[PDB]
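Heads up, the chain below is alone and in the form deposited in one PDB entry; it's given as structure tokens.
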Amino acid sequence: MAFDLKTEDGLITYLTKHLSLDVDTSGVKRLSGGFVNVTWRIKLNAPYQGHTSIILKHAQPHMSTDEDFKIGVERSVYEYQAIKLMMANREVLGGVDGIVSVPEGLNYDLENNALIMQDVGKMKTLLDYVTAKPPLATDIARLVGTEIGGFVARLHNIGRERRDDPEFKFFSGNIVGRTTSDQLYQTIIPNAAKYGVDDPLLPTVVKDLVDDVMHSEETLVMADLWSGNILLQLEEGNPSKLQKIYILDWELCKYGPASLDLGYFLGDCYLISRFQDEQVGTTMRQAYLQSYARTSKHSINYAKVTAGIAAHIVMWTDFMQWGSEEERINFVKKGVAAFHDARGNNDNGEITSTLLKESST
């Protein structure tokens, strides 16, 4: 039987009894966030594979607040294998300056649904920086967009090149990653409805998004690329130099359309720009498209990226609770209109023309 990784005592018993770790019980902290995972920071008296501080993520089989939303615990072995694969390809993915990194994966335990990784440090997320007042310095925002765009383009390039390598093909079988995207797309119609939008085109839009995520083998996608999954390490003493970017939360990593990653991050940039700081969100979006387009060996499908941004806006706007109710309803309608532009006869849609302008050489 399993240990109880949802409680501090069960976590300490698991670490000491099942893994023989030497735990500093005063340094065990429950980390906030997550409705489907319980995350702990653990200080150790003795190093575990060279680390004296670790993070443990425990995957639950459902949302804590809604046990009818099912999500398979096997996603956790894909997160472990994904950060192993990124570390095995870090020199090329991290580029000529090595700013973008991922945490090192130390252990995955099947029967306890427990993933242990390196604690890359107590850090604020990009989401914290862009919602802080005053916001993230525009110079850092540009660098962040540039470095993330380059990392993602290099991830998509190598995913295409090594598609049939076994260690890559593994992620085509992250059925929880694919299914979870399916389930998230299914919230598009209810979220629009909530804001008084009954668009009978939306069932057709959703079916296309779902068929693509369930079946696409295009490339390796990080699959949860928004500001809440990105850590910024700023210089200690100098809060104006970016030293590292850490990309976390790879449990949905799968093969899928390249436009899925672009839709996540660019969609988040649209929410940021709309509701937090226009220059921050816009600088980040433009630098991301510039860097991604230049590094990617494959054409951006601007219609599918438009639909991805649209899906992100509908799926996430109410969740974020930014701005007023009226502004959110207008923003969601703009997302719904973008869906119609993506199925249009032309690239003249508002969002599509912005993507083209900002990605241009």
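Heads up: residue numbers just count along the shown sequence, starting at 1. Here the rigid core means the biggest group of C-alpha atoms that line up within 1.5 Å when the two forms are laid on top of each other. Residues that one form lacks are left out of the comparison.
The stretch with the higher mean CA B factor, choosing between 344-352 and 6-14, is 344-352. For the pair 189-197 and 150-158, the mean B factor over Cα atoms is greater in 189-197. Out of 306, 321, 39, 296, the entry records its largest CA B-factor for 321. Residue set 267, 134, 72, 173: peak C-alpha B-factor at 134 (per PDB entry). In the deposited entry, the Cα temperature factor of residue 241 sits in the top third of values across the chain's modelled residues. In the deposited entry, the Cα temperature factor of residue 254 places it in the lowest third of its chain's modelled residues. When all modelled residues of the chain are sorted by CA temperature factor, residue 92 is found within the highest third. Residue-level temperature factors show residue 28 in the middle third of its chain, judged at the C-alpha atom. The deposited CA B-factor of residue 123 belongs to the highest third of values across its chain.
There is another form of the same protein, the form deposited in another entry; it is not shown, and what comes next is about it.
Just one of 315, 329, 28, 336 moves its Cα by 2 Å or more between this form and the one not shown on a rigid core overlay, and this residue is 28.
Relative to the superposed rigid core, the position of the CA of residue 72 differs between this form and the one not shown by 2 Å or more.
Relative to the superposed rigid core, the position of the CA of residue 353 differs between this form and the one not shown by less than 2 Å. In this overlay on the rigid core, residue 305 has a C-alpha that sits less than 2 Å away from its partner position between this form and the one not shown. Between this form and the other one, the CA-CA gap for residue 175 and residue 67 narrows by 3 Å or more, being smaller in the other entry.
Distance between the C-alpha atoms of residue 149 and residue 36: longer by at least 3 Å in the other entry than in the displayed form. Segments of 3 or more consecutive residues in which every C-alpha moves by 2 Å or more between this form and the one not shown, counting only residues present in both forms and fitting on the core, are 1-73, 106-116, 345-348.
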